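Colleague: here is the sequence, then the experimental structure:
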Amino acid sequence: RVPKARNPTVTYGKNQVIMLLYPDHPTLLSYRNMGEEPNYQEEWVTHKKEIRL
Amino acid sequence: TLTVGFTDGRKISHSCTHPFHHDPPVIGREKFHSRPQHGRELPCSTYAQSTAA
Amino acid sequence: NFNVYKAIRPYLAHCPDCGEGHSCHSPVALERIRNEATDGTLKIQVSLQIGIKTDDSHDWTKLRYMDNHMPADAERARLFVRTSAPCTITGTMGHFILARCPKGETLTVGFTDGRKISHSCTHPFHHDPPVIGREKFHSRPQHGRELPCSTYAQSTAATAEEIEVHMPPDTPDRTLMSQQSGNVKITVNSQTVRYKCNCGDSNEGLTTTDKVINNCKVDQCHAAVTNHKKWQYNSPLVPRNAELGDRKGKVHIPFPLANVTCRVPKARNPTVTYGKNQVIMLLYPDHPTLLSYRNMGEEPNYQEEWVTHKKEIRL
Amino acid sequence: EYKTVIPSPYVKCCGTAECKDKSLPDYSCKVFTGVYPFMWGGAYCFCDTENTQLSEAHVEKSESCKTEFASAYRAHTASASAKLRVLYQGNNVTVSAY
Amino acid sequence: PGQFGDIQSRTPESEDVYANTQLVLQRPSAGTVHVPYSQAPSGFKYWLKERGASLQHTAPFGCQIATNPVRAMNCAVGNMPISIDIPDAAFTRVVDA
């Protein structure tokens, strides 16, 4: 059994999604486009972070 | 480092210390520490308790 | 005092990790850790009851826990709380434990059973006491200054904050229903039980003595102890008695959050040498120390940095 | 700092429990169906299915709010006060005034 | 949620509480009686670590800061118009000097 992180606080902008992240422990954040070029990116968040994708 | 030892029948303590970089691999995408009440289950491998060698 | 603790008894509850990477119901099921004290103390609520024996007579050298159906006794010396290294226990009263613990990312508490069995419950808990002052020190020093902080005081004279108690729910226990000739008899063992069977008669009810069914299979029945005179805290991980709570009460809980001054060290004098409109400061930090400066005019231009090792700074 | 108040879950041995409603500051109720809880002795519920658990929770101020809290104010205008030392008649005397 | 002020109250002894912490319950996990939830952590436990320097250290003009009540001592801005009322007995006559 492995944990699941708390739900981020998502707010939307013009072609933007803004997230606050609440990690109890180093958590991995991955995102990619769903088109021809995924442009995969990732980051290990260790504390509370504000993210603008 | 890893050390194992025992106390002799003559009330003498023996021990052995080898250098051993113990750092268990992360399962899943979160670097948790103790298994939680709520979460999901991912496959892994363990040494079974059975002595049926 | 322990006057309220006569009507209530401990309770088994689910524990995520009982010391070996598996979950089972344990008397030490940790309930809630609160760390509101800025000085780093903790108040741990556990399903045990410490300082009161089974006969409800207060004794600071014993604790009682729920063993199957009947509370038992265990010594308070074997009680331990650990996070990454052993932790000092600065107070115990019924369900609540104080402890000063080292920094760590998990917390476990346990004891030793009267049958020489060991019980423990480990919980994920990011313990990292906040820094008081401007220096991250590790132990209170001989010489220093005093700063205000908050602390769970030792006073067991519980006031101003209560936890509710409820009627315990039925305690299912298949050991009560032994099977003979393929028939259930429900040994009861002098305590009221509630039974229900999946046989054709669909018999059910409350009984107080051995009651053989002669028809129902062992797997086709369900026996649970039903009558409970003692109350217990409505733990969020035990089922509720019914849609509402009954036989209620309010147990004032100990260790109120006092406030008190704490002692912090003072960093040793830096070595200063002067240049034209300049000061050259050589710093000797013994622990991560914070250095800040500002202009004492209209524009402060505030700058800061934690100096973790010997440095030379030019202002 | 707040605190979440979680009363004991209500698990119905048969049938579906009914969600209530309250006016508590962040009250939130939910009904989960198909549960099959286990107690230390045996299965709590009689039948292997049809059991629904009623989970409810809400928040409330913690007990530390009496001592550990932060006050948000507004600064309208400062009433200046001063204390002064004057060598009146060649002797130090102190004057405290607004 | 999460930021400073997720839970607000008029006075420490007030009973009305406004709290926005997006508390969301979750399904019990495979034959257990617990109640899981997914709530944003305390915004004040977060602010306490994220405070930064207070006005005691960042204020200009060499300004000190106190509390109970909140003050600002020994600010260096401006000048002080000080008007005295020196009695006639204070002076000594010129021929005496």
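Modeller: On my side now, so go ahead. Numbers count the residues shown, from 1 in each chain, chains lettered A, B, ... in the order given.

Colleague: please make it C-alpha for all contacts and neighbour counts, starting now.
Modeller: Fine.

Colleague: and for residue D:9, the neighbour number?
Modeller: By other CA atoms under 10 Å in any protein chain shown, 24 other residues sit near residue D:9.

Colleague: same check on residue E:70?
Modeller: Neighbour number of residue E:70 under other CA under 10 Å is 10.

Colleague: do the same with residue D:6
Modeller: Residues within reach of residue D:6, counting by other CA under 10 Å, total 19.

Colleague: now residue 16. Nearest residue, chain neighbours left out?
Modeller: No chain specified, so I'll use chain A. The shortest distance from residue A:16 to any non-neighbouring residue, by CA to CA, 6 or more residues apart in numbering or on different chains, is to residue A:53 (5.7 Å).

Colleague: if you could check chain E rather than the one you did, that'd help
Modeller: Residue E:16's closest residue in space is residue E:9 (CA to CA, 6+ apart), at 6.6 Å.

Colleague: is it correct that residue E:33 is in contact with residue C:240?
Modeller: No. Between residue E:33 and residue C:240 there is no contact under CA atoms under 8 Å: 9.7 Å.

Colleague: and the gap between residue D:36 and chain B?
Modeller: 16 Å (CA to the nearest CA, to the nearest Å).

Colleague: ok, that residue - contacts?
Modeller: D:43, D:44, D:45, D:48, D:49, D:51, E:30, E:31, E:32 (CA atoms under 8 Å, 6 or more residues apart in numbering or on different chains).

Colleague: what's the answer for residue A:12, then?
Modeller: residue A:18.

Colleague: and it, bridged to which residues?
Modeller: Beta bridges link residue A:12 to residue A:17 when assigned by DSSP bridges.

Colleague: now the strands for chain A?
Modeller: For chain A, the strands defined by DSSP state E cover A:9-13, A:16-21, A:27-31, A:41-45, A:49-52.

Colleague: ignore the last one, chain D
Modeller: According to DSSP E, the strands that chain D contains are D:2-5, D:10-12, D:28-35, D:51-61, D:82-86, D:93-97.

Colleague: with chain E instead?
Modeller: With strands called from DSSP E, chain E shows them at E:7-8, E:18-19, E:24-25, E:37-38, E:64-66, E:71-73.

Colleague: for chain D, what's the nearest residue on chain A?
Modeller: Nearest residue of chain A to chain D: residue A:6, at 15.2 Å (CA to the nearest CA).

Colleague: which non-adjacent residue is nearest that residue?
Modeller: residue E:38 (5.5 Å).

Colleague: got the contact list for the one you found?
Modeller: A:6, A:7, E:22, E:23, E:24, E:25, E:26.

Colleague: quick one: common contacting residues for residue E:33 and residue C:240?
Modeller: Residues touching both residue E:33 and residue C:240 by CA under 8 Å, 6+ apart: residue D:9.

Colleague: how about the residues of chain E near chain A?
Modeller: E:1, E:38, E:39, E:40, E:41 (CA under 8 Å from any CA of the partner chain).

Colleague: ok, now which ones touch the last one?
Modeller: With contact taken as CA under 8 Å, 6+ apart, residue E:41 is in contact with A:22, E:2, E:21.
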